[PDB]
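For reference, the structure is listed below as structure tokens.
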Amino acid sequence: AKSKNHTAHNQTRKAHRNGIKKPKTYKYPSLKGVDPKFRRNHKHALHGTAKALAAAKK
Amino acid sequence: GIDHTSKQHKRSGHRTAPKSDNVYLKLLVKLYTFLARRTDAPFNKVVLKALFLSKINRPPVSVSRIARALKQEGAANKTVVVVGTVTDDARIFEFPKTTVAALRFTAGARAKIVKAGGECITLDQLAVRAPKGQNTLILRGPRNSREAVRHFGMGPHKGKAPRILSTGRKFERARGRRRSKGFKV
Amino acid sequence: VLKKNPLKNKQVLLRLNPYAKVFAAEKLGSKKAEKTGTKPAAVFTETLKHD
Amino acid sequence: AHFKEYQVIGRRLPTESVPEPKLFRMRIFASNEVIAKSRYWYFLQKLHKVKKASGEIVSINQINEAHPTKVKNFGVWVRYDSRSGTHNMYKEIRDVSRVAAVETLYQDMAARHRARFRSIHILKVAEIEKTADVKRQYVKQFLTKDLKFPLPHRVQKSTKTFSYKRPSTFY
Amino acid sequence: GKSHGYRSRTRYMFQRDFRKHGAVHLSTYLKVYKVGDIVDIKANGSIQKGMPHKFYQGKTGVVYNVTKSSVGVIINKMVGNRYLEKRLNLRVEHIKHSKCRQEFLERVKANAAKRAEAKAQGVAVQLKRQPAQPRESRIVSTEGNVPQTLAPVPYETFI
Amino acid sequence: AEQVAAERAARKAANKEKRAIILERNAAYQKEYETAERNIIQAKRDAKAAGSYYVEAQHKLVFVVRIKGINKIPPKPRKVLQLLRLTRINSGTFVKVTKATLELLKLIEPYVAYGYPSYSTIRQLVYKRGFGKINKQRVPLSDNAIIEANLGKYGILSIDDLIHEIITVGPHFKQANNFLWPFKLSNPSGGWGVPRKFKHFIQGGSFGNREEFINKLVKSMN
RNA sequence: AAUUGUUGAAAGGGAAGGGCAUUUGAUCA
RNA sequence: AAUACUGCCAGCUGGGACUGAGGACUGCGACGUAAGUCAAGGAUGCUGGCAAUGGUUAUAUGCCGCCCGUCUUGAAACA
RNA sequence: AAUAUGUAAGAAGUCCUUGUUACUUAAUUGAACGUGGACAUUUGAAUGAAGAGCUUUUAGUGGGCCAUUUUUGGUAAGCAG
RNA sequence: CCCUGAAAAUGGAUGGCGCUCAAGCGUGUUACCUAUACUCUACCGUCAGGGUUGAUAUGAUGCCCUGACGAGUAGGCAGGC
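Chains d, S, F, U, V and I are the protein sequences, given in the same order.
Residues are numbered in the deposited numbering as their position in the first sequence, beginning at 1, plus a constant of 1.
Residues are numbered in the deposited numbering as their position in the second sequence, beginning at 1, plus a constant of 1.
Residues are numbered in the deposited numbering as their position in the third sequence, beginning at 1, plus a constant of 311.
Residues are numbered in the deposited numbering as their position in the fourth sequence, beginning at 1, plus a constant of 1.
Residues are numbered in the deposited numbering as their position in the fifth sequence, beginning at 1, plus a constant of 1.
Residues are numbered in the deposited numbering as their position in the sixth sequence, beginning at 1, plus a constant of 22.
This is how it looks when you write it as structure tokens:
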């Protein structure tokens, strides 16, 4: 009793019933996979500029 | 026939009129519907829409949260509006004088406001004093802080609170959570 | 309550277009053009019948 | 349909490299201006490297017969694609106008060689001004002097589905 | 059985061009890559380290990470009924700059220059591009360009 | 409470002023139309007389009607039809001629018939089956007040102004066309004139570009 | 109710039964 | 000059069929110098006949109409 | 080649000045994040959009077939793929 | 175009009757008939956009205005006997 193995029919219609959605983008992207040294120095620089801004403008 | 580009006879997906059978709530809903229909202030429409929210969509607002909101610049002389229930927080010690309008008030929160020097009014009184919502500030509680939303969206490499009954050792801490017994999540 | 068709109801046509009265009065729908006469060039005349 | 002669003059799109492109004119028998332009473009992109997107029509006009009330003999050279191959023919028609002559030729070819309008290509239409170069007997037989031929077995048309008298086909 | 590997059916894809084998020209290593730059991906057969997959050949992506000799590219891959982001680290060799972005910066600079110059007087800046509008009216003169009559040629049996 | 007469008189005065402006603008538009038509005719005449040929500018506006049902349609042409607002059979829209629009029409040519419209048929269409889109509703246009209210920001305040914007493509042609609901026409009164609609116009059918011949079909269907 | 006998009414050229509209017969506000 | 063909008329008019929804006024227009009128955000006036029309059922006529439920890509099947 | 296919066609942008870093550079030399300041008609190609985005739950489904075109096995098949 | 090639078993199929300057064959032009298709109108239901506590007067889940749509197995939801 053989049976049909594989077919791509109606798959495109099934995927298009719920429209294919582009990923939601944000102003600040994820910081994973980035160079650890760059991330550490970015953290230090961010702390420094936050402190400078707090000291300057209150 | 029409090659429809969207679903036919589809509902708006929003809740019109409360699902509850509270007579006082329906009366308040009618009053705010009249306001939002015969006025131009978006505050009335926002309050009317929030009045239809469910229990899970209407989390309680604490007196500490009210004080934190009023601590903002220029918010000291404003009327707090909570569409729901206002609870009492024992972790705070100094409550400034204010005017909070909400549907239901916890006895402890009401006592705290009365002792501080404020008053507890209802939505009808708030509407009477400010028909257009002048000098008001709407407060909403944390909706994603419920314990039932942590389990939502569970999947591998997500860490989304697997649905369990008991907690401790040998309860979903075996293979599938450690690298020593195969794979980690 | 009901849509009345222009070009068949004169009242609705006049309401839509106030210029309709002037158009009808001046009979602008049948206007005689200037009686100018030009002769095609011999080149075009020969190209028309050139087989 | 009722074929009409349209002469179309076209040219390639002007370019800075070659200003004032050459103008090509062709006469086509077509039902309307759209068909005439389509046939003009199709014939142009068979002898010249041109296309509709890389060209334009500067003029299109309708040619009327100079003497449509005079009976003429027309010789038409045609090339057509049959069920097996392409063949060239020369047919002689007798008509008062070129459009009528080519319509008769189209009906003749579609009825006798099963060639459709997509198959018959009009190579050339000319008028034989001397009644001595005709080489077709079916045309020559109608140029004889003192031509009198009767119409035997005349068939009449009746407006009623029943007739009370036996019809006669005299004439 | 069946074979679906990391380099399956790339015989004509991961292959150097004709008369272009050997080492790589010393220009790719001198290109500066920064975060946010849009680059294209084209695998090179000489270098087999950091080679991209078959799907990511010819795709265009933004740069999100800079390493010693590599950059990270974010590529939107269509799986099922959604687009998923893929952060893949590739060597400098199998990556080239995209000229569409450069044309965009050039258009932006011209856009700002025109916005300054035209608005110095304030008349019809028309900073937006337009498609190919239909051609306007024109007059052709048959001075030395008399139209030549053309007729279909008879069928020929040339061999 | 006797000020009703005062507001009535003020409303009448404002309406009369508005009607005066409408009449002046309509007269100007009619004069421009006559001048343009006569200018084209005489330009053709001088070009013919001076041993030359007058190449008319390509038409900048077309009318496209759908002659095919909503069944057995490939997905890309179906999407193009939806983007062109042709979801019912015997539905027509106006299209400005550009490269993008021409390539769009070249894709759904098998299911539509399009051609260059004339002023008379444009006016007849707008007068008879002219419907606007206000609050996502098909409100019929039986007065210039609605047109002015929904299009006054673009300088269009009357049905004649809308017709002018349709015939002559201008700065606000996109908004003018978007404001108008697609025209739902009926089957032709005198018939399609061909035995098989789904064949090209050169091939003897309604499918394909009809150029100036679209006017007769549009008026028969309207 | 299935089934059966009489009375009263209708139909019946190798089926009956139904729907779209009407004539005729019986009955009905 | 006329005529054939195409396109336009915010040119006129003859004949026939379907429809009468809405229910004191509200608006946009026209005629009328002005009263007032109108084919202008959905039909009224007059007159005639009866106090048969029409509802249910049976037969007849023109057309259409395969046996209910399940399995199946496929049922009415000689499943 | 055609068809099919990715990316860009802007305010999450561009430009001027200069604050931070434990990154880097011979070096205030580059990189990131910034503060202040300038550019709203025509916000940067056309068209469209009973609005778009996001979360929870779950019924049934996991034997298909046929039609145009491309095409495998087979001589062919209302054959299989 | 037609003819020989061209022979299968109950009695039968351009549906048949039948048709011969066809009612057969190719092409060109008009008129004519119709789908639950298209345009308008009347009614029902659904959805969307709104008005209506200035009342004796009640059902603001009530009333009214405008626009669009209405197929369907398994299955889901809602309103009702």
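Note that beta-carbon positions come from the ideal geometry of N, C-alpha and C, so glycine has one too.
Check, Outcome
"contact_flag[the region 131 to 147 of chain U, the region 82 to 94 of chain U] where n(CB pairs < 8 Å) is 3 or more", "yes"
"Boundaries of the alpha helix (DSSP H) in which I/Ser242 is found, first to last residue", "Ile236 to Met243"
"Members of the region 147 to 159 of chain V that neighbour chain U once the beta carbon cut-off is set at 8 Å", "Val147, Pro148, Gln149, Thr150, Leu151, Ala152, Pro153, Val154, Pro155 and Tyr156"
"Chain U within 8 Å of F/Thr356, Cβ atoms only", "no"
"Contacts that U/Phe44 makes with chain V (C-beta to C-beta distance below 7 Å)", "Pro153"
"Three-state secondary structure (DSSP) of U/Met90", "strand"
"Reference S/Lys79, options S/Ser13, S/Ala175, S/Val101 and S/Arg144, closest by Cα", "S/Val101"
"Residues, ordered as in the chain, of the region 50 to 74 of chain V that lie near chain d by beta-carbon distance below 9 Å", "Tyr65, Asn66, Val67, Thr68 and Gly73"
"Residue range of the unbroken beta strand (DSSP E) whose run includes I/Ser113", "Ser113 to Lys118"
"Members of the region 178 to 208 of chain I that neighbour chain F once the beta carbon cut-off is set at 7 Å", "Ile181 and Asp182"
"Neighbourhood of I/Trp203 by C-beta distance below 7 Å, restricted to the same chain and skipping five residues each side", "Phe153, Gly154, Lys155 and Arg160"
"Within-8 Å CB hit, V/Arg130 to chain I", "no"
"Close beta carbons around d/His48, own chain, < 7 Å, minus the five adjacent residues each side", "none"
"Proximal chain I residues relative to U/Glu57, where beta-carbon distance stays under 8 Å", "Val77"
"Cα-Cα separation, S/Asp41 to I/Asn172", "22 Å"
"Neighbour flag for V/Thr143 against chain U, beta carbons, 8 Å", "yes"
"Neighbour-count burial assignment, residue 187 of chain V, 16 or more Cβ in a 10 Å radius", "Outside the displayed span of chain V (2 to 160) sits residue 187 of chain V, for which this structure offers no information."
"Residue-level contact to chain V via CB, d/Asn19, 8 Å cutoff", "yes"
"Short CB-CB distance (under 8 Å) between S/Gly2 and chain I", "yes"
"Where S/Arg174 sits in the DSSP three-state scheme", "coil"
"Exposed unless 16 or more other CB atoms sit within 10 angstroms - verdict on S/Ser63", "buried"
"Whole runs of the beta strand (DSSP E) within the region 128 to 168 of chain S, excluding any shorter than 3 residues", "137 to 140"
"Under 8 Å between C-beta atoms of V/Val93 and V/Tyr30", "yes"
"DSSP-derived helix/strand/coil call for I/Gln25", "coil"
"Element boundaries [alpha helix (DSSP H), containing I/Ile92]", "Neither: I/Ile92 is in no alpha helix (DSSP H) and is coded neither H nor E."
"Neighbouring residues, chain I, relative to F/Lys315 (Cβ below 8 Å)", "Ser164"
"Start-to-end residues for the alpha helix (DSSP H) that takes in V/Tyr13", "Counting along the chain, V/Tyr13 falls outside any alpha helix (DSSP H), and DSSP gives it neither H nor E."
"Interface residues of chain V facing U/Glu21 [CB-CB closer than 7 Å]", "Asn146"
"Nonlocal neighbours in the same chain, by C-beta distance under 7 Å from S/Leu28, ignoring five residues either side", "none"
"For I/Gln159: DSSP bridge partner residues", "I/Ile156"
"Bounding residues of the beta strand (DSSP E) (the contiguous stretch that carries V/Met79)", "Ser71 to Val80"
"Check whether F/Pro351 and I/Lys70 have beta carbons under 8 Å apart", "yes"
"Cβ-based burial, S/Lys56 [other Cβ within 10 Å; buried from 16]", "exposed"
"Coarse secondary structure for I/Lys206, derived from DSSP in three states", "strand"
"Within chain I, partners of U/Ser60 - CB distance below 7 Å", "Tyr75"
"Distance CB(S/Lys31)-CB(S/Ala37) smaller than 8 Å", "no"
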